[PDB]
There are 2 protein chains.
Amino acid sequence: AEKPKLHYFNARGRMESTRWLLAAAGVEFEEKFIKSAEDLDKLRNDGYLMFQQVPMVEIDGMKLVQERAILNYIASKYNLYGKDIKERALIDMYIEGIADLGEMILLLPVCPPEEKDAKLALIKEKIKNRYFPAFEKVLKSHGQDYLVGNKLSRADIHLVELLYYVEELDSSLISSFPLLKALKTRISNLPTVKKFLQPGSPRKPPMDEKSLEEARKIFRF
Amino acid sequence: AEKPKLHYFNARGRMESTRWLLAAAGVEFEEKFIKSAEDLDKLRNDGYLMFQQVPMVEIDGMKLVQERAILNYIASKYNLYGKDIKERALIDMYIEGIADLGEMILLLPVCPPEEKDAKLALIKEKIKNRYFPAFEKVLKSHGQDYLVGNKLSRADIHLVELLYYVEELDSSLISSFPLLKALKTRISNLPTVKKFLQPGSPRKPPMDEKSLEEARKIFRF
Ligand SMILES: COc1ccc(CSC[C@H](NC(=O)CCCN)C(=O)NCC(=O)O)cc1
Ligand SMILES: COc1ccc(CSC[C@H](NC(=O)CCCN)C(=O)NCC(=O)O)cc1
Ligand SMILES: [Cl-]
Ligand SMILES: [Cl-]
């Protein structure tokens, strides 16, 4: 069973959701960490990166770049993309909202320092008034344990990953959303996810100033 | 089955790729233009916008928001998403690179005035050195008339749409990419696309200063 190989630097960034999804699905992977700009250039010069960027995942004979292409593939392969085209639409709608919020959070430390305070406030406003109410409403609507189809899907995994990041940001933000809290708990207790959340897994820590500088070095921004 | 109904303002923006894809698929659709902040607020208040944003498309009983959710559903529904999981992986990689370049171009007029010139220069370098070479290389690899599976897919439609925007930016950018020029011609001559390119279709013009101010008042930015 040829192990997916994840090409990225040693940090969450744009590869972390893939780590979560693979782990949730019970899929053992290996990581090849990029440690320098010359490591990145070697991947490029070797023809591994369609758009000269990473993440790249070697899986099932493909060299897949673009986080959404990677995740869509994994989700479909491991039956985490719902049962039909209509369930996929709900899943897609939900996870695209999750991705918008996740992007805001991801880029927050790369924000011009003069914009950081207002943008943090905007994110917190959006969490409390836009995103968390949307997902709370979906869960309340059907009263089922999962977002879509009464069955585990990538939507549950991606939302719960985001809930962990929001907790890191401000642990109060979830406080008025009991159904999200309950989903976090249930999903975090699934054996594959529980193992991923335990010390020693490939799960990556929050990116510190230093890891961010290693990114600026490697990717030249 | 209802005719799909597209909720957006009367401009390209984030709904235009949906108009291209539906039109290319031969699917008749209706539009309901938002003209004020109040129209948008009515859709939000009445519960039809999961994340309080448009585009929203009413299709097959869903109120689908999020452009990628909308496009994924339409592509699957109309057999424009390839024939298997690995073809979808190529399609997704391709269209995610298209979206990255498209997003840059979309947001150019909303750049601070003093950053706009430098951002245009960077977009032009990326077109010439990163994106056009990637898609040229795909077309060269198989020499076929379509990007994937020797069959029209969403990737051909989204690519050709982008080639039209690039042409507006600078008609010289494609000049050294003969296979891209040929794809633009062929796809533009497909009966459905031809009709969409002709007058009187739902295709939208470039956004001018007056349309941008309309967006600023409806969406409050
Ligand atoms: C705040 O933390 C980070 C750390 C790294 C990155 C950059 S991820 C590597 C980058 N890839 C992309 O931008 C892919 C997006 C596709 N939709 C990359 O490879 N950059 C090199 C380059 O663009 O030349 C972003 C936020
Ligand atoms: C350069 O021209 C434009 C014009 C309008 C828009 C905004 S499109 C409407 C907006 N939707 C989104 O941002 C959707 C993104 C989901 N990934 C919207 O509804 N904004 C109101 C709001 O966010 O409250 C963007 C560029
Ligand atoms: Cl990516
Ligand atoms: Cl959207």
# chains A, B, ... in the order shown; residues from 1 in each chain; ligands from 1
$ interface_residues --of "chain A" --to "chain B" --cutoff "8 Å" --atoms "only C-alpha atoms" --output "ChimeraX atom specification"
/A:50-52,64-66,68-70,72-73,76-77,85-86,88-90,92-93,96-97,130-131,134
$ select_by_dssp --residues "range 57-213 of chain B" --states "strand (DSSP E or B)" --output "list in words"
residues 57, 58, 59, 62, 63, 64 and 65 of chain B
$ residues_around --residues "residue 36 in chain B" --least-positions-apart "2" --cutoff "9 Å" --atoms "only C-alpha atoms" --output "PyMOL selection string"
chain B and resi 9+34+38-41+214+217-219
$ residues_around --residues "residue 121 in chain B" --least-positions-apart "6" --cutoff "12 Å" --atoms "only C-alpha atoms" --output "number ranges by chain"
B: 104-105, 108, 115, 127-128, 169-170, 173
$ closest_residue --among "B:103, B:216, B:29, B:80" --to "ligand 1" --atoms "only C-alpha atoms and all ligand atoms"
B:103
$ closest_residue --among "B:199, B:45, B:8, B:55" --to "ligand 4" --atoms "only C-alpha atoms and all ligand atoms"
B:55
$ closest_residue --among "B:10, B:153, B:189, B:176" --to "residue 25 in chain B" --atoms "only C-alpha atoms"
B:153
$ residues_around --residues "residue 201 in chain A" --least-positions-apart "3" --cutoff "12 Å" --atoms "only C-alpha atoms" --output "list in words"
residues 19, 20, 23, 24, 28, 29, 30, 192, 193, 194, 195, 196, 197, 198, 204 and 205 of chain A
$ residues_around --residues "residue 163 in chain A" --least-positions-apart "6" --cutoff "9 Å" --atoms "only C-alpha atoms" --output "number ranges by chain"
A: 174, 180-181, 184
$ closest_residue --among "A:35, A:160, A:12, A:56" --to "ligand 3" --atoms "only C-alpha atoms and all ligand atoms"
A:56
$ select_by_dssp --residues "range 7-214 of chain A" --states "alpha helix (DSSP H)" --output "ChimeraX atom specification"
/A:16-24,37-45,67-77,85-107,116-126,132-142,154-169,178-189,191-197,209-214
$ atom_distance --atom1 "atom 3 (C, counted along the ligand's line) of ligand 1" --atom2 "CA of residue 44 in chain A"
19.1 Å
